[PDB]
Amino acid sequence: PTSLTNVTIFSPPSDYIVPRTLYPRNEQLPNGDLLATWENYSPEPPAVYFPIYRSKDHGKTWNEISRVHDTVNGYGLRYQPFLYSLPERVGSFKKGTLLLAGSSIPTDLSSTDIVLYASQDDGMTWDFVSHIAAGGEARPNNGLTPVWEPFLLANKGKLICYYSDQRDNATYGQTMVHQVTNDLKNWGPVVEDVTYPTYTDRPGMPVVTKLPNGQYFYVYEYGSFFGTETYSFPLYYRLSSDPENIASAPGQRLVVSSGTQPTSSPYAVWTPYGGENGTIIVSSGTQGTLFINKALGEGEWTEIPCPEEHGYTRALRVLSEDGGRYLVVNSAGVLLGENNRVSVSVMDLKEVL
């Protein structure tokens, strides 16, 4: 791999509906290949789908290889995809099964349904596996009951899906929860992970990375007034050595040594590079810079430059090559953006950390 800046993965046609693209996610397969997807706002009919683009040259070039269509509901695979190569067998699904979770939503935004698709051929073909969780109207307004934003993580022969939940609307504006499965087909009950006692609080957008000492770093945006007249979405994290037990961990506000106060739509990864504990690397949806921590989340975070533009839920990935040396930074644009595109940069962590 090499450093790359602002490589275009996909530039949408003008006749796509603003924002055209949004919500980048990616995966690196064990052979090193990179896959990228996003919310793809094509005119309907036919129903929207999640495109799957591949790079076999470490991000220099990209080609579409498949599309994940809404074969289960016919509504459209519309919001909040997530790619995940199983690192171990789960039930009848071998290590290396490639999963996509994402939300099936009709054009009228009347419902949400986080569904799970699987590919056994590295993303060439897909089959529906199960519904994870379904809810109400796909708008982020209090009183509504949607589900949103799946994040997948396997541990001990199980798959965990973390997501944002508005269904407990009598008590919370939004929470974050998870469900667990040992077979990809049958899901256990909803477990509340992050709840707050002020109704107008809206924690959201969970992303997890495992640290080398066995702790899990669970990052989220914490929407709140914090007792003022102004709402904000500062980044918070929780630390737990049990990835199914988040509720018992107190939230910790991410503090940056420069004074930047990062907000919205976090992403977190970990590399062995940078020191004896490696480095946690965090993005927000508002800042173009990155935030790093060489002490497992202790102390304050260091803001560093980044050549990739800022974007909503900008996605990070530490590539495996050279023991975690290169970082993918992948944007699909901004909310309601008039000129969104899907792009990627690669940074050399040997130099930038």
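Note that residue numbering begins at 1 and tracks the sequence as displayed.
The deposited model assigns a higher average Cα B-factor to 165 to 173 than to the other stretch when 75 to 83 and 165 to 173 are compared. Relative to one another, 150 to 158 and 224 to 232 have unequal mean CA B-factors, and 224 to 232 is the one with the higher figure. The entry assigns its greatest Cα B factor, within the set 193, 137, 201, 88, to 88. Taking only the listed residues 187, 237, 270, 267, the entry reports the highest CA temperature factor at 187. When the modelled residues of the chain are ordered by C-alpha B-factor, residue 60 sits in the highest third. Among the modelled residues of its chain, residue 24 has a C-alpha B-factor that falls in the lowest third, as given in the PDB entry.
In this PDB entry, residue 330 carries a Cα temperature factor that places it within the lowest third of its chain's modelled residues. Ranked by Cα temperature factor within the chain, residue 247 sits in the highest third according to the deposited record.
The entry lists a Cα temperature factor for residue 47 that places it in the highest third of the chain's modelled residues.
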